[PDB]
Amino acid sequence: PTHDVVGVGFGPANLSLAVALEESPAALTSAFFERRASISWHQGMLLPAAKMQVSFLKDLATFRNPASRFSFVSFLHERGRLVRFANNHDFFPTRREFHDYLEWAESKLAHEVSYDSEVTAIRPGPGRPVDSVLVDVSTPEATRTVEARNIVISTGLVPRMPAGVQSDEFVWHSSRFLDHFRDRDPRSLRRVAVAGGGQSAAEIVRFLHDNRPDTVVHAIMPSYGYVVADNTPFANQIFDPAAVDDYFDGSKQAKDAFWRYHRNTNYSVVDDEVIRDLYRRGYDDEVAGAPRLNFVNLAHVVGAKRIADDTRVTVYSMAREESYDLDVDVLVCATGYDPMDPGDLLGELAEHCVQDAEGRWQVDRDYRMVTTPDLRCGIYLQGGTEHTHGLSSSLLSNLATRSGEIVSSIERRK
């Protein structure tokens, strides 16, 4: 039984693909594999009041199908909160509510997802030219192999730590913050260092300040103070489908310009509200004569080591061009991610994937990897397309249209 399409991973990207498949009149068979036990979207960073980067209209389907049964608006209506949400006049749901939306949409889906199923390899299919691919899957029970004419790789971002720092009991990546924080004894988090200059860093510093009034927090950033995220309407435009075209068709010079002029837009920077709240918190602490927030500007974390009951963080000060140690209970590295890369999953198939001038994968406008005539199946990428498609590649700004374009491409070439 050869599936038209297998989806590797079930985050919001492949969820939008599943929705696009259902909504499409095309008769496509599919299966989706997710390593985790259920849908799990950045749960380590589901802080109270944390807000979505994108508006509720940039959901799973609305920009493609404005009357989708999977829209955020349909969700709110079924939950009996559409009116209440509307009265709030806020375009941005909390990340918590958005997670509930994902789970609701997954349930509404006709076709069931296979969980506890980690894809370990993608292998060529019998036949030459290769007409299909073989997907190896591991369940807690056994292993199994499935076959597909096309595959959609959407395995998400990979956590990035500072060079020379490794995660441990006392050194956490921001992606795991709440997982560790949960049932940690408070007495044991009297002092926390948070490295990074972006949204997750600021959110965590603010959560710590608000959660425990005794915790001392060192915010270690390369900039001289948090830099604001650009959320103005012309900025929001670079994440429109039309801007994907402009970036895709654009010269290397133009592509460089996108990243140069517009890199201050989401995760590497911080929302105006979060910044103001932090500054307010610092100010009121000063009035009260009880300072707690230490903003360590123009600095980087270059090492961490557990010494007795202390996590000794080595900090490099750019101003002074010297490094020095800071003892804390826990170091949190809100230091971002590396992009998705299909390379390693693809193993031998990789060799048939055409590369570009800088050694990166070529990809067509419809998110299809460029291949040699030795390979005839579709390997589509949701994520990993920063070089070809631009800044929207790992975000939730364009789920409806990217998933629709991929389904349309599959129907087309079938």
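From 1 onward, residues are counted along the sequence shown. If you superpose the two forms and keep the largest set of C-alpha atoms that fall within 1.5 Å, you have the rigid core.
Averaged as a root mean square over residues and superposed structures in 5 other deposited structures of this protein, CA distances to the shown form are larger in 179 to 187; the pair compared was 96 to 104 and 179 to 187 with a core fit. Where the structures in 5 other deposited structures of this protein are fitted on the rigid core, 264 to 272 is the one of 264 to 272 and 246 to 254 whose C-alphas sit farther from the shown form on average.
Comparing the deposited coordinates for 125 to 133 and 78 to 86, the stretch with the larger average C-alpha B-factor is 125 to 133. Remark: stretch with higher mean C-alpha B factor among 322 to 330 and 241 to 249 is 241 to 249. Among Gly378, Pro66, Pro48, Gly383, the highest C-alpha B-factor in the deposited entry belongs to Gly378. The entry assigns its greatest Cα B factor, within the set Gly343, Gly303, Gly197, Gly282, to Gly343. In this PDB entry, the Cα temperature factor of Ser16 sits in the bottom third of its chain's modelled residues, the lowest group. Per the deposited record, the Cα B-factor of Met52 falls in the lowest third when ranked against the other modelled residues of its chain. The PDB entry assigns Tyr267 a C-alpha temperature factor belonging to the lowest third of its chain's modelled residues.
Placement of the Cα temperature factor of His218 within the chain: lowest third of the modelled residues, per the deposited record. When the CA B factors of the chain's modelled residues are split into thirds, the value for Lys108 lands in the middle one.
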